[PDB]
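These notes are about the structure you will find just below.
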Amino acid sequence: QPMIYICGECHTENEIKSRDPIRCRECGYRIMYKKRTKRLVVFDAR
Amino acid sequence: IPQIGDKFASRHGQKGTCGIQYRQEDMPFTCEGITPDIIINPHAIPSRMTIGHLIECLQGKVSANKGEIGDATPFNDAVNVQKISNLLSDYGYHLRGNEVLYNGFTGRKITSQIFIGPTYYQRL
Amino acid sequence: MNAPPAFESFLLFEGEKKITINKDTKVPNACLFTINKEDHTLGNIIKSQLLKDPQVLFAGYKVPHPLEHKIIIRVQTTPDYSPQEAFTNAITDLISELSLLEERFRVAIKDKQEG
Amino acid sequence: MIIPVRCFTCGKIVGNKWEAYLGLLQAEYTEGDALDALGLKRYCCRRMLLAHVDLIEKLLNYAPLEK
Amino acid sequence: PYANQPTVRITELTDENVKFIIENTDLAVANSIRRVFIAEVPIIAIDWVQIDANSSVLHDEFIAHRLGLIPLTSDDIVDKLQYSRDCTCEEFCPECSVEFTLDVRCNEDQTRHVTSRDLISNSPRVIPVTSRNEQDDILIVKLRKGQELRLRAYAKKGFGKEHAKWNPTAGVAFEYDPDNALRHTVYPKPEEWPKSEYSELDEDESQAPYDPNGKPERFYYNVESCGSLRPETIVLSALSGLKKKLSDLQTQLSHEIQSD
Ligand SMILES: [Zn+2]
Ligand SMILES: [Zn+2]
Ligand SMILES: [Zn+2]
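Protein chains in written order, with UniProt numbering: chain A, 13 to 58; chain B, 1054 to 1177; chain C, 1 to 115; chain D, 1 to 67; chain E, 2 to 134, 144 to 270.
Next comes the structure, spelled out in structure tokens:
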């Protein structure tokens, strides 16, 4: 539900809800990245 | 991961796709158990006259055995094939870059001594 | 996309026989042994051991396709002998040779580590 | 980008030799003598160490995504 | 019509390689032994990775592939473990697999070298070779301050036919007839070729006189170990594996003969 994103410039973990302009609350940077999922991906070391 | 059908090329116009992949026990090997990473067909050389491929392979064998980087600058009279061959004969190899290889499937020597050595290949 | 799993070279598929014997009708006293999930490693030794049998008239093997994972070994023997018997004796002889080689390598290692 | 683990040709481990190789090079070894000190006698493994470009050192000049 | 009586003579035995000679055997037997060294001598290697966190500059498959190629000491454990095909357990169990854990975080300013020493195992017998009690540790990844790598691997039993990471050899030198007496090679200029290390010829003589009645005997081997198995363990396991391949083949042969 929270969908916490990371700032491209300040690297801050901040929560943003839908219908919200994409703005970091710590520095106002406009580019955000999603965090790595918690799902379990498996690799054959090959 | 490279596979049958992927296109590879040397720096001499010698392009080609992977026909098949053999495991290390299926590939031909030298007396010291070096198997080729790639095997290319001799028929790609004569019509094309990519002698730079062969000189680069020989220079690369010298470079790897000597611990240096070969100088393949185009117009350099201080580097010719006879010098490279004389250098390679100092590291216990046939001066022309040939080696006795053994058939990986049967282990018998191949009657024709094969030309083998490091060459810079590209994955396209 | 089309890469077979690497175990398919070694593992038998369900309902697939390791070895199948088919009578060769062209000449008498000949058989084709289609061995699945083996390669030159066993084919070459079985062929070369069969060539040591004077009652074997033909002994050859082939991997019909490298991308496929079977070998075919053709064995023809003299009329008083059998290709199945020849193949069995070849495997027995290879096993005995490898047992002797293993014991002698153990002895050589013991000598080398000791003195 | 990083030193391979095995030699592509033989499968000898070269992953543990890059740092030692660099330390020998700053110790005023020639590349050949350095490769001899690490025990890379086949020209395939000498190829592995001698032709390696440590790009990871340049990729570590960028700050990570998370602090 | 019967087996060979091969003899053996080991000319060098170190922790890194074994140099030996097999005499009075067929070339096919010698080459099948050579091939089994590379492709049918099982060892333990990481074949399952679960990346819980990877902030490093190498993507997940890069790290996984890199972990798979780290040799793990397999000497006495490989014979005991089962193939996960044969294990009657779920995905994993201690009878068919070995658990590794890696958890590194670069908090300090200098680059942190995540090496094979950071691969912590549940089994003390199966550990990275470099981590075994000199040679440095294999480098998995370099981390910058703030980067972190946390994963959980499982190592399995396999051999080189399935993947080169299960290949225990770091080179198998194989040779026979060092002086070209059988003329299985034909040198256009025999004087131009260097002499084998196993040659017994005076320097004026380039190759031995041709032997019309000759057969390949006296095969010279130099089996170099990647670290997982001892070289002599590689050779012994190769002979045992080839013998069990032949035994299984004979069992199936007997079933086919009797079923007809
Ligand atoms: Zn921000
Ligand atoms: Zn190598
Ligand atoms: Zn299990």
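Idealized CB from N, CA, C, for every residue including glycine.
- At a cut-off of 8 Å between beta-carbon atoms, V5 (chain D) makes contact with chain E.
- Per DSSP, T1103 (chain B) lies in no alpha helix (DSSP H) and is assigned neither H nor E.
- If you look at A30 (chain C), you'll find it in the beta strand (DSSP E) that goes 30-36.
- Membership of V75 (chain C) in the beta strand (DSSP E) is indicated by the continuous run 70-77.
- At a cut-off of 7 Å, the beta-carbon of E96 (chain E) counts as near ligand 3: some heavy atom of the ligand is closer than that.
- Within the stretch 1116-1158 of chain B, the runs of alpha helix (DSSP H) that reach at least 4 residues and sit entirely inside it are, in chain order, 1134-1142.
- The criterion of a C-beta distance shorter than 8 Å is satisfied by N29 (chain C) and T77 (chain C).
- Per DSSP, reduced to three states, the secondary structure at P129 (chain E) is strand.
- Scanning the stretch 1-37 of chain D for uninterrupted alpha helix (DSSP H) segments of 4 residues or longer gives 18-26, 31-37, listed from N- to C-terminal end.
- Less than 8 Å divides the Cβ of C236 (chain E) from the Cβ of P178 (chain E).
- Look at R1076 (chain B) here: in three-state DSSP terms it is coil, with no helix or strand label.
- Here DSSP, grouped into helix, strand and coil, assigns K255 (chain E) to helix.
- Sequence-distant partners of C1071 (chain B) (beyond 5 residues in either direction) whose C-beta falls short of 6 Å from its own C-beta, in its chain, are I1057, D1059.
- Take the alpha-carbon of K155 (chain E) and the one of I148 (chain E): they are about 21 Å apart.
- Under the DSSP definition of a beta bridge, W176 (chain E) lacks any partner.
- DSSP, reduced to helix, strand and coil, places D48 (chain E) within a strand of the structure shown.
- Closest by C-alpha distance to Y208 (chain E), out of E:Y197, E:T102, E:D189, is E:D189.
- In chain order, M1, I2, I56, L59 make up the part of chain D whose C-beta sits under 9 Å from the C-beta of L59 (chain E).
- Its Cα nearest to that of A86 (chain C), the residue C:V56 stands out among C:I71, C:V56, C:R106.
- Note that the stretch 251-268 of chain E does not touch the stretch 58-74 of chain E; fewer than 3 beta-carbon pairs, one per stretch, sit closer than 8 Å.
- Per DSSP, reduced to three states, the secondary structure at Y186 (chain E) is strand.
- Residue pairing for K1068 (chain B): DSSP places it in a beta bridge opposite B:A1062.
- Distance from the CA atom of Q1175 (chain B) to the CA atom of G40 (chain A), rounded to whole angstroms, is 44 Å.
- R1076 (chain B) has its CB no nearer than 7 Å to any heavy atom of ligand 2.
- If you ignore the 5 residues before and after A183 (chain E), its C-beta comes within less than 6 Å of the C-beta of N232, all in its own chain and listed in chain order.
- Against chain E, the beta carbon of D56 (chain A) has neighbours under 7 Å at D48, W49, listed in chain order.
- About 17 Å separates the beta carbon of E27 (chain A) from that of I43 (chain A), a gap too long to meet the 8 Å contact definition.
- Among the residues facing chain A, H173 (chain E) is included, as its CB has a counterpart in that chain under 8 Å away.
- Taken in chain order, the members of the stretch 1113-1129 of chain B whose beta-carbon sits within less than 7 Å of a beta-carbon on chain D are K1114, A1117, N1118, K1119, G1120, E1121.
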